[PDB]
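Trainee: Protein chains in written order, with PDB author numbering: chain A, 32 to 295; chain B, 32 to 295.
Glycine included, C-beta positions come from ideal geometry on N, C-alpha and C.
First the structure, which I've put down as structure tokens, then a few questions once you've had a look.
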Ligand SMILES: COc1ccc(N2CCN(Cc3cc(=O)oc4c(O)c(O)ccc34)CC2)cc1
Ligand SMILES: [Fe+3]
Ligand SMILES: [Fe+3]
Ligand SMILES: [Fe+3]
Ligand SMILES: [Fe+3]
Ligand SMILES: [O-]
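In structure tokens form, the structure reads like this:
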């Protein structure tokens with residue numbers, strides 16, 4: 032019901048009051064569809080670096096893991112629900128950024144060269160969205176305290192500003208950098224799980240937030256485990272797709288068609 | 032068929048020779064669905080400016096018409112199909128931006144203050160995709176000469192900065208600035224559909240690009256005029272949404288639910 036009599040109205044400001052809040056509309060329409068026993072076997076992989084650049088990217092992720100695992104106390108304590116959600120909550124705020132700068136820079140190339148994209152731009156922009164929905168789900172489990180709330184703001188500034196020039200300078204490095212970051216998302220999200228399953232972790236959020244059920248389409252009775260599993264799936268998807276793009280780049284196949292448009 | 036055996040593969044670089052170039056995987060699957068006898072009726076409007084900001088927006092958008100008209104000789108000549116296409120082309124290189132720098136920032140804020148964004152980002156993104164898919168369409172109706180190929184780049188610089196900084200200081204000034212450009216746009220495109228009737232201009236490209244056929248889901252019979260008629264209604268979807276956004280800034284409503292997620 033979107034035709035000219037609507038299109039000719041100047042503003043719809045008076046309709047903000049009457050329209051509802053529906054969890055459904057937080058996301059774009061591009062929802063992940065996983066079936067749990069299938070993705071139940073997603074498993075940790077490690078792609079060989081090739082040049083300097085991969086090796087460079089690869090040190091960057093490992094130099095960063097070793098910082099972040101000490102400063103976030105993560106090791107010195109028996110694992111809990113709490114210290115995990117804080118880890119991820121924090122981790123997903125950078126997980127937004129490259130997904131975005133990604134398309135936003137590919138997008139401006141397309142507009143300025145007057146050329147095709149062949150379906151990269153929307154693939155990335157949803158990698159940005161999915162990583163933001165992770166965050167909108169984790170926020171529901173725990174609001175962070177002023178400490179973290181602040182460190183996010185600095186981090187983001189720093190990260191944004193690395194990632195935009197690292198893209199302009201070397202897309203191959205960034206896709207490669209990200210690919211390596213997700214091998215670590217997969218590692219951890221399987222730890223978390225091994226933990227639940229053995230019992231070393233006992234979860235109290237067996238409710239799964241409204242946003243999280245609709246986004247992922249889960250059962251009304253989906254567990255804390257269930258939710259990690261799909262997030263763990265989502266993290267594997269991105270692992271491939273970037274290491275893919277980095278290879279693609281590596282071989283000057285970076286105006287080729289994005290293979291994953293087909294591969295649905 | 033996306034599952035745990037494709038998630039566990041390091042790469043897909045070798046699938047990129049076997050994988051088709053199809054015009055329906057350029058855009059996302061978020062394409063307008065107009066019906067032409069209806070969107071035939073779209074009108075020319077004006078929204079009154081309130082403050083300095085609303086007034087200032089209107090001065091720059093007007094002054095930029097005046098200059099680009101006098102610098103593109105739109106006055107001294109005939110309404111030849113040349114400088115109609117050659118015009119939209121250039122101009123969709125800049126329409127591709129506000130949406131992308133707006134969606135970028137709200138994503139970044141959503142992330143960094145962990146707050147729900149309520150259907151703005153995606154709306155704001157597809158606005159830009161849409162505009163790009165005008166330029167893509169036009170690119171097949173006429174390929175531009177180097178002069179204009181440059182003019183375009185040295186312009187994405189000015190405008191990717193301007194819009195970047197304005198949208199921080201005053202997204203309202205931009206969501207109005209855009210709102211007043213679309214006005215001049217939805218004019219210029221009724222100017223051209225008028226002139227195809229009056230018969231002052233006879234469109235020689237009454238083939239419509241396969242890109243812009245899938246996207247707008249037109250016929251194979253559909254004239255140039257019909258293509259204009261849809262593009263024009265897209266531009267009018269924009270005109271009002273951006274004003275509604277500007278107004279939602281004016282009334283401290285920047286974090287209310289997008290009133291177009293429903294009105295879909
Ligand atoms: C200063 O900014 C940074 C600080 C640390 C990092 N890293 C810490 C953890 N990260 C891997 C990671 C581990 C994980 O257990 O979950 C993740 C996760 O859920 C993501 O979405 C992205 C990365 C990770 C490696 C580098 C990156 C940027
Ligand atoms: Fe993540
Ligand atoms: Fe991630
Ligand atoms: Fe336009
Ligand atoms: Fe426009
Ligand atoms: O435009």
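Give the interface partners of residue 127 (chain A) over in chain B, defined as CB-CB distance under 9 Å, in chain order.
Mentor: The contacting residues are 138, 139, 141, 142, 143.
Trainee: Under 8 Å by Cβ, that's how I've got residue 152 (chain A) and residue 137 (chain A) pegged, so tell me the actual separation to the nearest angstrom.
Mentor: Their Cβ separation, rounded to whole angstroms, is 5 Å, which keeps residue 152 (chain A) and residue 137 (chain A) in contact under 8 Å.
Trainee: Between the region 262–274 of chain B and the region 65–73 of chain B, do three or more beta carbon pairs fall short of 8 Å?
Mentor: In short, these stretches touch, since the Cβ pair count reaches three.
Trainee: 8 Å is my cut-off, CB to CB: does residue 74 (chain B) come that close to chain A?
Mentor: So, interface residue.
Trainee: Specify the secondary structure class of residue 238 (chain B) as computed by DSSP and reduced to three states.
Mentor: In this structure, residue 238 (chain B) counts as coil in the three-state DSSP scheme.
Trainee: Residue 77 (chain A) by DSSP, collapsed to three states: which one?
Mentor: In the structure shown, residue 77 (chain A) sits in coil (DSSP, three-state: anything other than H, G, I, E or B).
Trainee: Using CA atoms only, rank isn't needed, just tell me which of A:49, A:80, A:35, A:65 is closest to residue 67 (chain B).
Mentor: If we check each option's Cα against that of residue 67 (chain B), A:35 comes out closest.
Trainee: May I have all residues whose beta carbon comes closer than 6 Å to any heavy atom of ligand 2, sorted in chain order?
Mentor: That query returns the following residues: A:123, A:126, A:162, A:165, A:216, A:266.
Trainee: Give a yes or no on whether 8 Å exceeds the smallest Cβ distance from residue 33 (chain B) to chain A.
Mentor: Taking Cβ atoms only, chain A reaches closer than 8 Å to residue 33 (chain B), which makes this a yes.
Trainee: Which residue spans inside the region 106–137 of chain B form an unbroken alpha helix (DSSP H) run of at least 4?
Mentor: Taking only runs of at least 4 residues, the alpha helix (DSSP H) segments lying wholly in the region 106–137 of chain B are 112–126.
Trainee: Residue 81 (chain B): buried (16+ other C-beta within 10 angstroms of its C-beta) or exposed?
Mentor: Classification for residue 81 (chain B): exposed.
Trainee: Are there any heavy atoms of ligand 5 lying less than 7 Å away from the beta-carbon of residue 213 (chain A), as far as the coordinates show?
Mentor: The answer is no for residue 213 (chain A).
Trainee: What is the DSSP secondary structure of residue 254 (chain A), reduced to helix, strand or coil?
Mentor: Here residue 254 (chain A) sits in coil by DSSP.
Trainee: For chain A, check one thing: does any of its Cβ atoms lie closer than 8 Å to the Cβ of residue 211 (chain B)?
Mentor: Not closer than 8 Å to any Cβ of chain A, the Cβ of residue 211 (chain B) fails to qualify, so no.
Trainee: If you measure from the CB of residue 206 (chain A), is any heavy atom of ligand 3 nearer than 7 Å?
Mentor: Flag unset: Cβ of residue 206 (chain A) not near ligand 3.
Trainee: Decide if residue 274 (chain A) is buried, meaning its Cβ has at least 16 other Cβ atoms within 10 Å, or exposed.
Mentor: Buried.
Trainee: Taking the alpha-carbon of residue 132 (chain A) as reference, which of A:49, A:295, A:175, A:209 has the nearest alpha-carbon?
Mentor: The residue with the shortest Cα to Cα distance from residue 132 (chain A) is A:209.
Trainee: Which same chain residues, not among the five before or five after residue 236 (chain A), have their C-beta less than 6 Å away from its C-beta?
Mentor: Closer than 6 Å at the Cβ level, and outside the excluded window around residue 236 (chain A), lie 172, 255.
Trainee: So is the beta-carbon of residue 138 (chain B) under 7 Å away from any non-hydrogen atom of ligand 3?
Mentor: No.
Trainee: Please confirm if residue 86 (chain A) has its CB atom under 8 Å from at least one CB of chain B.
Mentor: So, not an interface residue.
Trainee: In or out: residue 289 (chain B) buried (at least 16 other Cβ within 10 Å) or exposed?
Mentor: Label assigned to residue 289 (chain B): buried.
Trainee: Counting only runs of 3+ residues fully inside the region 190–229 of chain B, write out the beta strand (DSSP E) ranges in chain order.
Mentor: None, since the region 190–229 of chain B contains no complete beta strand (DSSP E) of that length.
Trainee: Going by the CB atoms, is the gap between residue 167 (chain A) and residue 125 (chain A) shorter than 8 Å?
Mentor: Taking 8 Å as the Cβ cut-off, residue 125 (chain A) and residue 167 (chain A) do not qualify as a contacting pair.
Trainee: Does residue 94 (chain B) pass the burial test, meaning 16 or more other C-beta atoms within 10 Å, or should it be called exposed?
Mentor: Under this definition residue 94 (chain B) is an exposed residue.
Trainee: What does a CB cutoff of less than 7 Å around residue 280 (chain B) pick up in its chain, not counting 5 residues either side in sequence?
Mentor: Here the set comprises 202, 203, 206.
Trainee: Is residue 269 (chain B) near ligand 5 - that is, is its Cβ less than 7 Å away from at least one heavy atom of it?
Mentor: Yes - ligand 5 has a heavy atom lying nearer than 7 Å to the Cβ of residue 269 (chain B).
Trainee: Drop a sphere of 10 angstroms on the beta-carbon of residue 161 (chain A), count the other beta-carbons inside from all chains shown, and report buried for 16 or more, exposed for fewer.
Mentor: Answer is buried; the Cβ neighbour count reaches 16.
Trainee: Tell me which same chain residues have a C-beta within less than 6 Å of the C-beta of residue 130 (chain B), skipping the five on either side of it?
Mentor: Around residue 130 (chain B): 155, 158, 159.
Trainee: Check whether chain A comes within 8 Å of residue 286 (chain B), counting only Cβ atoms and requiring the distance to be less than that.
Mentor: Chain A contact via Cβ: absent.
Trainee: Could you tell me the alpha carbon to alpha carbon distance between residue 182 (chain B) and residue 96 (chain A), rounded to whole angstroms?
Mentor: Cα to Cα, the separation comes out at about 45 Å.
Trainee: In angstroms, rounded to a whole number, what distance separates the CA positions of residue 238 (chain A) and residue 228 (chain A)?
Mentor: Rounded to whole angstroms, residue 238 (chain A) to residue 228 (chain A) spans 18 Å at the Cα level.
Trainee: Within this structure, are the beta carbons of residue 169 (chain A) and residue 249 (chain A) separated by less than 8 Å?
Mentor: No; because the gap between Cβ atoms is not below 8 Å, this pair is not in contact.
Trainee: Are there 16 or more other CB atoms within 10 angstroms of the CB of residue 212 (chain A), so buried, or fewer, so exposed?
Mentor: By the 10 Å Cβ count, residue 212 (chain A) comes out buried.
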